[PDB]
Amino acid sequence: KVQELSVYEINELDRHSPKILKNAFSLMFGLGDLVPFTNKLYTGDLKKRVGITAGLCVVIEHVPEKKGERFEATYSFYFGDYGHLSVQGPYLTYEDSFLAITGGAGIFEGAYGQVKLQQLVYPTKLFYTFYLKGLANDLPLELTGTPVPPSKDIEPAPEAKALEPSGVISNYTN
Amino acid sequence: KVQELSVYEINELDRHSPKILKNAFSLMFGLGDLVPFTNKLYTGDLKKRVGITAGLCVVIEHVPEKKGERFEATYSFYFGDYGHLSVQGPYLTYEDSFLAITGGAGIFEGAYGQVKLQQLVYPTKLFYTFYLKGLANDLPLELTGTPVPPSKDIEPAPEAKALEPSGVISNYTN
Amino acid sequence: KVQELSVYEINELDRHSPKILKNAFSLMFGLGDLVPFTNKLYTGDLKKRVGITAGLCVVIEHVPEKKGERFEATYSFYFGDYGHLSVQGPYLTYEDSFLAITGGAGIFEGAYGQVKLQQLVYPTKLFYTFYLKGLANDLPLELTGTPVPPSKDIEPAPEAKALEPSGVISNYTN
Ligand SMILES: CCCCC[C@@H]1O[C@@H]1CCCCCCCCCCC(=O)O
């Protein structure tokens with residue numbers, strides 16, 4: 001029994017993120033470089049600010065033939081009063097990936113399955129579709145609005161950007 | 001289905017912990033700062049030493065209006081030869097939170113659900129209630145004694161602190 | 001319900017791994033020390049390269065009485081186009097341990113359970129046995145060949161080491 005939940009992760013450059021901790025003996029990213037990060041999170045339909053992403057990217061290797069990096073990522077997605085989802089897996093700057101859903105809290109207690117990561121604009125816009133199993137209830141309607149198809153040009157609704165009650169969930173994470 | 005398990009985490013300052021790696025742009029905690037840690041773990045009734053917590057807090061932001069920090073935490077709870085529980089989620093220095101139970105080993109194989117984290121004395125005393133689903137069996141009686149109600153004043157039993165046989169589980173983690 | 005899967009992890013010294021981030025005051029490993037890593041992953045029968053391991057070891061304590069270290073490990077095992085498995089738990093340099101399976105993706109979507117970690121040569125050769133629950137299908141035959149007897153002398157098939165078509169899985173992770 002799968003419930004799809006899609007969200008847009010956007011770096012609006014106002015959270016001091018990403019923070020690069022440089023250790024690799026390379027001008028390029030390399031093993032040793034650690035990247036704590038936190039970006040804003042919006043609903044799949046771009047109408048509401050829900051919260052944030054928060055966690056750690058561990059650089060694994062630069063991939064020169066793909067013109068990108070492989071990170072191993074451990075982080076959570078915060079949904080204001082509703083709770084959160086946690087993930088572990090590959091973040092490849094150069095292609096879509098699937099991460100494991102390691103669990104959740106709140107309405108996400110019991111969550112499991114995988115989530116597809118699509119990078120739209122490096123590094124500032126990402127789109128995700130969680131294929132959620134194990135939820136106690138149907139997801140709230142304000143989170144399951146039909147998603148905006150992902151494109152380079154997507155923007156949150158101005159109400160969501162401006163943090164108006166119509167453009168946020170209750171206690172949205174910040 | 002839900003088996004509730006409570007434990008006290010106590011920092012007794014004898015494990016080199018916390019170790020603060022301070023990298024942030026700020027004088028206060030900020031993104032970039034990392035805090036590997038390990039504390040002692042006692043049963044919910046405070047009668048027995050069970051083991052340790054072990055993992056990493058990733059600083060996400062300072063929260064000036066709440067006089068405290070938001071961390072993203074990834075860590076495990078060790079119960080001697082019984083096994084361990086793993087978690088991922090928010091640790092807020094100023095209020096309670098819930099973390100995802102990401103999995104378990106030993107008697108905790110198959111573990112899922114969420115855990116409530118209550119801070120009792122910052123930073124040395126914390127109380128957790130795991131709402132455990134998925135376990136193959138009823139939890140052993142030595143781990144499910146009636147919890148001491150959480151307060152600022154709790155202490156582990158003097159026999160547990162002193163690592164006497166009556167105050168430890170067999171091969172308690174250290 | 002339970003499907004067993006063994007793999008060999010081998011550091012062939014060509015991936016810049018491990019990377020020791022030294023922060024503890026001591027010449028020996030201690031809390032503060034972080035070790036990003038990535039090794040090669042082969043089938044338990046050693047006939048095929050499947051992919052890699054990738055993640056972070058957090059040093060928890062040195063254990064003088066065992067002449068070794070305790071790490072807390074967060075990492076994934078990559079199986080090419082099959083997907084991946086993610087884990088959280090203890091790596092002890094001086095004895096076998098079990099880690100938690102936190103989830104998977106691809107064929108390993110919905111994966112849970114635990115994995116045994118057995119060190120064969122510190123730290124270049126390890127042998128794993130996953131006890132996998134939650135999988136949609138039986139594991140593919142090319143991953144379930146009888147394991148080579150674990151020892152310090154194990155080596156990948158020469159076709160596997162040389163990346164010949166007959167010694168790799170489809171789109172093996174690198
Ligand atoms: C979960 C572990 C899986 C594979 C092991 C991987 O290589 C990583 C092990 C972490 C640390 C071992 C590195 C030891 C190097 C010692 C040199 C520095 C010193 O002796 O203090």
Side-chain angles (χ1 to χ4, degrees), chain A residues 1-5 85-90 92 95-104 110-117 128-135, chain B residues 102-105 109-112 133-136, chain C residues 1-9 41-54 75-88 98-117 127-148 160 165-174:
Chain A
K1 315 166 143 57
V2 172
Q3 293 180 256
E4 295 181 20
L5 171 61
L85 286 162
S86 290
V87 306
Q88 177 77 202
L92 309 182
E95 74 192 29
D96 296 357
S97 64
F98 283 79
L99 302 82
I101 302 165
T102 54
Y112 73 95
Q114 62 190 359
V115 47
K116 175 175 221 211
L117 182 177
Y128 297 82
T129 304
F130 294 83
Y131 301 91
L132 290 167
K133 305 171 178 179
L135 302 183
Chain B
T102 59
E109 183 281 334
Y112 70 95
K133 292 168 178 183
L135 262 31
Chain C
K1 202 176 328 304
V2 181
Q3 304 190 66
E4 173 179 350
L5 178 59
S6 285
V7 291
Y8 280 93
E9 183 183 6
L41 211 52
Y42 299 88
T43 54
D45 73 15
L46 282 163
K47 296 176 166 177
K48 290 176 182 206
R49 165 80 180 274
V50 310
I52 59 173
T53 49
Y75 66 116
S76 301
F77 296 76
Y78 286 89
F79 291 81
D81 281 345
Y82 295 126
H84 82 93
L85 284 162
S86 294
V87 305
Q88 183 64 37
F98 287 79
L99 302 83
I101 298 170
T102 58
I107 76 167
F108 305 103
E109 184 272 344
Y112 64 104
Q114 59 188 324
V115 58
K116 190 163 59 184
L117 176 170
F127 178 69
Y128 293 90
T129 308
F130 292 85
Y131 293 89
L132 287 163
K133 302 190 182 163
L135 294 208
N137 290 295
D138 295 341
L139 284 172
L141 298 174
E142 76 174 333
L143 301 178
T144 63
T146 305
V148 171
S166 79
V168 306
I169 74 180
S170 169
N171 296 315
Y172 68 89
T173 314
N174 190 64

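In what follows, every chain begins at residue 1, and chains take the letters A, B, ... in the order their sequences are listed.
In this structure, a donor-acceptor pair under 3.5 Å is absent between the side chains of C:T102 and A:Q88.
Here the closest non-hydrogen pair linking A:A111 and A:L135 is CB-CD2, 4.0 Å. Residues C:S76 and C:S86 approach most closely at OG-OG, 2.8 Å, considering heavy atoms. Looking at every heavy atom in both residues, A:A100 comes nearest to C:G103 through CB-C, 3.5 Å.
Side-chain contact check for C:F79 versus C:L85: some heavy-atom pair is nearer than 4.5 Å. Between C:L99 and C:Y75, some side-chain heavy-atom pair lies under the 4.5 Å cut-off. The shortest distance between side-chain heavy atoms of C:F127 and C:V148 does not fall below 4.5 Å. The side-chain heavy atoms of C:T53 and C:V7, taken from C-beta on, include no pair separated by under 4.5 Å. Between C:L143 and C:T43, some side-chain heavy-atom pair lies under the 4.5 Å cut-off. Here the side chains of C:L139 and C:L132 are in contact, with some heavy-atom distance below 4.5 Å. Between A:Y131 and A:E4 the shortest side-chain heavy-atom distance falls below 4.5 Å.
One distance of note links CD1 of C:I52 with NE2 of C:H84; it measures 11.5 Å at 0.5 Å rounding. In this structure, the separation between CG on C:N137 and CD1 on C:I107 is 8.5 Å, given to the nearest 0.5 Å. Considering CG of A:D96 and CG of A:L117, their distance stands at 7.0 Å, rounded to 0.5 Å.
Although no hydrogens or angles enter the test, the distance criterion places a donor-acceptor pair under 3.5 Å between the side chain of A:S97 and the main chain of A:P90.
Legend: side-chain hydrogen bond (donor to acceptor under 3.5 Å, both in side chains) pairs involving residues 106-117 of chain C, not counting sequence neighbours, sorted by first then second residue: A:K133-C:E109.
For the pairing with C:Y128, the ring-ring contact (aromatic ring centres under 6.0 Å, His included) check across C:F77, C:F98, C:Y42 returns one residue only, C:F77.
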Atom pairs and distances, side-chain donor-acceptor, residues 165-174 of chain C, under 3.5 Å, sequence neighbours left out:
residue: C:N171; atom: ND2; partner: C:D81; partner atom: OD2; Å: 2.7
residue: C:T173; atom: OG1; partner: C:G80; partner atom: N; Å: 3.0
residue: C:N174; atom: OD1; partner: C:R49; partner atom: NH2; Å: 2.9

